[PDB]
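Enquirer: Generate a structure from the sequence data that follows.
(one chain, ligands or ions: 3)
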Amino acid sequence: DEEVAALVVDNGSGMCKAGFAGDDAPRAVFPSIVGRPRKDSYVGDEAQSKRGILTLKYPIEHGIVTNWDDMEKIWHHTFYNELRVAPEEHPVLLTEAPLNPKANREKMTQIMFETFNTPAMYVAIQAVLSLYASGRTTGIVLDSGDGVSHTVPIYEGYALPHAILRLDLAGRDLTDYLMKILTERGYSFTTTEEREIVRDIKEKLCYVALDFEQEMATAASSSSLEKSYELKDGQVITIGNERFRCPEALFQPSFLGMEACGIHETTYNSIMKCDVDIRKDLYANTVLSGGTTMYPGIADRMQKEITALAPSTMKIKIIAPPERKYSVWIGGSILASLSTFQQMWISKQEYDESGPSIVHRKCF
Ligand SMILES: Nc1ncnc2c1ncn2[C@@H]1O[C@H](COP(=O)(O)OP(=O)(O)O)[C@@H](O)[C@H]1O
Ligand SMILES: [Ca+2]
Ligand SMILES: [Ca+2]
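Expert: Residues are numbered from 1 along each chain as shown. Ligands and ions are numbered 1, 2, ... in the order given. Coordinates below:
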């Protein structure tokens, strides 16, 4: 091979995924955190491990970069610590959130070429990459991560900004809600350490009920839905209706005091904002992505809820890839490996010729 490996970096609100184009999975995943004492800067797992003696910062808390000084440190960490490569020696494909401000796109571009001296780079919308990973160029993606969720209609490879909806309800909120209801049950999960334990309980024992009320009735009259969970100190606790009550908040945000529409309604509203001529393509190609869409039963629940909102004559299909937790990264690996994509990279030459604003033309 003549070309060096290209890098794929998925910038997540909670976890960053990094690896090499062509691979089937990211080589590294770490917390999008930077910490400094209350070694001068700590990034990733280490910052989390030593959080006790540090003040943590979340530079991309809700999907959008808010502090470029710390984001630069996360990227430095990604190259030198996680992937152990020199960025000046490899093209880099970066991901961005839907509705990312134009100025931010230019900033990312300038930093890659001027700070890291990348030989080439490109930036793609997360939702679009997930759709690519599913083998489609048209459809609507419901991306629910750690700090944010989005419904992104995509037609012929292009996201439709006017129809994109943002929901400030995701994995983080669900974890805290589970801590709250488990505490109401009689336990006590309130500390940061306990938040990590509940996050684990959430990822392992929660599920989306097909019918909330029926599930609540079953849990109230029997122990058939109860599951045991063992804490590190040996204590075994019981999780009952909390298993499905937690993710139910995605469909009924009021449980969290939020007036926002649930994910099914948000998906429907995005589709309705699109040209009537492509709505059927979206209904027939609703793809789920992100860690928060991993709950067992979520696909069937979405199918049921969307069917209730859409015309009776509409064909509804929910696609839930088993590997959807990393579909963004995988889509990037696929894209960066495409023969026709090689001409699309922004080269250092092109950057020197046109400057940061070239990103709008090259990465439309
Ligand atoms: N199996 C699972 N069930 C439910 N939630 C999960 C599961 N696996 C991961 N999560 C949650 O998904 C979120 C992270 O997903 P991710 O798409 O990586 O987000 P981001 O890109 O914003 O960091 C976290 O809140 C995590 O707890
Ligand atoms: Ca993400
Ligand atoms: Ca409501």
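Enquirer: From now on I want contacts and neighbour counts done on CA atoms only, so please keep to that.
Expert: Will do.
Enquirer: quick one: the strands in the stretch 201-350 of the chain?
Expert: Counting by DSSP state E, counting those that start in this stretch, the stretch 201-350 of the chain has strands at residues 227-230, 236-239, 286-289, 318-319, 346-347.
Enquirer: Tell me which of those sits nearest to ligand 1.
Expert: The minimum distance between ligand 1 and those falls on strand 286-289, with 7.1 Å, by Cα to the nearest ligand atom.
Enquirer: could you dump the closest one to CSV, C-alpha only?
Expert: C-alpha atoms of strand 286-289 as CSV (Å, rounded to 0.1, in the frame of the first residue of the first chain):
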residue,chain,number,x,y,z
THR,A,286,-35.8,5.2,10.3
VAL,A,287,-32.4,4.2,11.7
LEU,A,288,-31.4,4.1,15.4
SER,A,289,-27.9,5.0,16.5
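Enquirer: So that strand, near ligand 1 or not?
Expert: No. Figure legend: strand 286-289 not in contact with ligand 1 (Cα under 6 Å from any ligand atom); closest approach 7.1 Å.
Enquirer: ok, that strand: who's next to it in the sheet?
Expert: strand 139-144 (parallel), strand 318-319 (parallel) (DSSP bridges).
Enquirer: name the helices or strands packed onto the helix or strand following the first one?
Expert: Next along the chain after strand 139-144, taking DSSP states H and E as the criterion, comes strand 149-155. In terms of contact count using 3 or more Cα pairs under 8 Å, 6 or more residues apart in numbering; DSSP states H and E, strand 149-155 is assigned the packing partners strand 139-144, strand 165-167, helix 263-272.
Enquirer: which residues does residue 83 contact?
Expert: 18-19, 27-28 (Cα atoms under 8 Å, 6 or more residues apart in numbering).
Enquirer: Adding secondary structure, distance to residue 262 and neighbour count, write these out as JSON lines.
Expert: Listed next are the contacts of residue 83 as JSON lines, based on DSSP: H, G, I helix; E, B strand; the rest coil; distance: Cα to Cα, whole Å; neighbours: other Cα atoms under 10 Å:
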{"residue": "18", "secondary structure": "strand", "distance to residue 262": "31", "neighbour count": "25"}
{"residue": "19", "secondary structure": "strand", "distance to residue 262": "33", "neighbour count": "26"}
{"residue": "27", "secondary structure": "coil", "distance to residue 262": "34", "neighbour count": "13"}
{"residue": "28", "secondary structure": "strand", "distance to residue 262": "32", "neighbour count": "14"}
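Enquirer: how about those residues in CSV, adding distance to ligand 1?
Expert: Conversion of the contacts of residue 83 to CSV gives the following (distance: Cα to the nearest ligand atom, whole Å):
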residue, distance to ligand 1
18, 12
19, 15
27, 14
28, 12
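Enquirer: Would you mind listing what in the stretch 101-250 of the chain touches ligand 1?
Expert: Within the stretch 101-250 of the chain, the positions near ligand 1 by Cα under 6 Å from any ligand atom are 145-147, 171-172, 199, 202-203.
Enquirer: what are the ranges of the strands in the stretch 1-150 of the chain?
Expert: Taking DSSP E, counting those that start in this stretch as the criterion, the stretch 1-150 of the chain carries its strands at 7-10, 15-20, 28-31, 34-37, 42-43, 54-57, 92-96, 120-125, 139-144, 149-155.
Enquirer: Show me what residue 16 is bridged to.
Expert: Bridge pairing for residue 16 - DSSP bridges - gives residue 30.
Enquirer: how much space between it and ligand 1?
Expert: Residue 16 sits at a distance of 6 Å from ligand 1 (criterion: Cα to the nearest ligand atom, to the nearest Å).
Enquirer: Any idea how many residues pack against that residue?
Expert: Using other Cα atoms under 10 Å, residue 16 has 21 other residues around it.
Enquirer: Spit out the contact partners of it.
Expert: 9-10, 29-32.
Enquirer: Farthest-apart pair in these, please.
Expert: 9 and 31 (13.2 Å; Cα to Cα).
Enquirer: okay, the two: which has more neighbours?
Expert: residue 9 (28 against 19).
Enquirer: Does the more buried one touch residue 328 like I think?
Expert: No. Assessed by Cα atoms under 8 Å, residue 9 is found out of contact with residue 328, at 9.7 Å.
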